[PDB]
Amino acid sequence: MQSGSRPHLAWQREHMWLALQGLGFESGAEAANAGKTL
Amino acid sequence: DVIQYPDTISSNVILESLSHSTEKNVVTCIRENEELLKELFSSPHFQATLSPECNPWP
Amino acid sequence: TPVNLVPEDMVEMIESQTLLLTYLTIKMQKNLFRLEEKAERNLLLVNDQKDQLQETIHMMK
């Protein structure tokens, strides 16, 4: 009930997206590697 | 290198209470790093810097 | 007892920025040294051409 969530850290989406770009992620090429359009 | 130069000698900020300075300086640096990383990573050049090649040769 | 309630949620955040920065520096170093290594060899392979041509021109003078 008062069994609360720790705040859901928005930065763990954002530093995660930066980690993908740093590792050389392309939303075009890796979608094409899955046979799918952006 | 990490011992940044004294260029603007801000005379008073040498010994005012570090225990109420450090957390501000951490938050301001986290903010600088979020801005700098978000605006580095907005550049189209940001994969070429990380994988450089050059050919002047005709 | 005092409790210095500086959030862990910020200390793991700055150490996620440190990891981004140092990963990028190392990704640059290894790919840039590879460019510098062959850039010196490409200049040396053209100084070989300079030297013999300049010396041939000296004999012909």
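Residues numbered from 1 in each chain as written, not as in the entry; some residues may be left out. Chains lettered and ligands numbered in written order. Part of a larger assembly, values for the part shown. Heavy atoms only, no water.

- As named in the PDB entry, chain C is HAUS augmin-like complex subunit 8, taken from Xenopus laevis.
- In its PDB record the entry is named "Structure of the vertebrate augmin complex".

### Remarks on the pattern of salt bridges
Stage number 1. Following the criterion strictly, the structure yields 8 salt bridges over all chains and no others.
Stage number 2. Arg6(A) is the partner of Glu8(C) in a salt bridge, and the nearest nitrogen-oxygen pair spans 2.7 Å. With one member in each of two chains, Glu8(C) in helix α1 (residues 8-60) and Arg6(A) in the segment before α1 (11-22) form a pair that bridges those chains.
Stage number 3. The partner of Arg34(C) in a salt bridge is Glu53(B), and the shortest N-O contact between them spans 2.7 Å. (Salt bridge = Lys/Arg side-chain N within 4 Å of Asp/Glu carboxyl O. Helix = DSSP H or I, 4+ residues; strand = E, 2+ residues; numbered from the N terminus.)

### Observations concerning the packing of aromatic side chains
Stage number 1. Under the definition given, this model contains 2 aromatic pairs over all chains.
Stage number 2. Note on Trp17(A) and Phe25(A): the rings are 5.8 Å apart at their centroids and 80° apart in plane angle, and the pair reads as edge-to-face.
Stage number 3. With relative accessibility at 41%, the residue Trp17(A) sits in the partly exposed group.
Stage number 4. Seen from their ring centres, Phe41(B) and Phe46(B) are 4.0 Å apart, and the 35° between their planes marks the pair as tilted. Side by side, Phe41(B) and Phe46(B) carry an identical accessibility label, which is buried. (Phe/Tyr/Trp six-rings, centres within 6.5 Å; stacked < 30°, edge-to-face > 60°. Buried < 20%, exposed > 50% of the residue type's maximum accessible area, 1.4 Å probe, protein only.)

### A look at the interface of chain B and chain C
Many authors give the size of an interface as the accessible area that is lost as the parts come together.
Stage number 1. Between chain B and chain C, the residue contacts involve 17 residues of the former and 18 residues of the latter.
Stage number 2. Surface buried jointly by chain B and chain C totals about 1,600 Å² across both partners, of which 71% is contributed by carbon and sulfur atoms.
Stage number 3. Summed over the shared surface of chain B and chain C, the result is 1 salt bridge.
Stage number 4. Seen at the junction of chain B and chain C, the total is 6 residue pairs in polar contact.
Stage number 5. Residue composition of the side of chain B that touches chain C, by class: 10 nonpolar, 4 polar and 3 charged. (Contact = heavy atoms within 4.5 Å. Buried area = accessible area lost by both parts, 1.4 Å probe. Polar contact = N/O pair within 3.5 Å; in protein donor to acceptor, adjacent residues only side chain to side chain. Nonpolar A, V, L, I, M, F, W, Y, C, P; charged D, E, K, R; others polar.)

### Overview of the packing of α1(A) against α1(C)
Stage number 1. At a minimum axis distance of 11 Å, the contact between α1(A) and α1(C) shows a crossing angle of 5°. Relative to α1(C), the element α1(A) lies roughly parallel. Touching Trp11(A), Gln12(A), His15(A), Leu18(A), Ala19(A) and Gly22(A) of α1(A) are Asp9(C), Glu12(C), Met13(C), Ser16(C), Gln17(C), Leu20(C), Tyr23(C), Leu24(C) and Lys27(C), all from α1(C).
Stage number 2. Here the residues of the contact of α1(A) with α1(C) are counted per class, giving 7 nonpolar, 5 polar and 3 charged. (Axes fitted to C-alpha atoms, helices over the stretch in contact; angles between N-to-C directions. Parallel < 35°, antiparallel > 145°, perpendicular 65-115°, else oblique.)

### Remarks on the interface of chain C and chain A
Stage number 1. In this complex, chain C contributes 10 residues to the contact, which on the side of chain A involves 10 residues.
Stage number 2. Taking both partners together, chain C and chain A bury about 850 Å²; carbon and sulfur atoms supply 55% of that area.
Stage number 3. In this structure, the connection of chain C to chain A is made through 6 residue pairs in polar contact.
Stage number 4. In terms of residue class, the side of chain C that touches chain A is made up of 4 nonpolar, 2 polar and 4 charged.

### Describing the side chain of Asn33(B)
Stage number 1. With respect to the helices and strands, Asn33(B) occurs in helix α1 (residues 22-40).
Stage number 2. By relative accessible area, which is 14% here, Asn33(B) ends up buried.
Stage number 3. For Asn33(B), the residues in contact, after removing those within four places along its chain, are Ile14(C) and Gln17(C).

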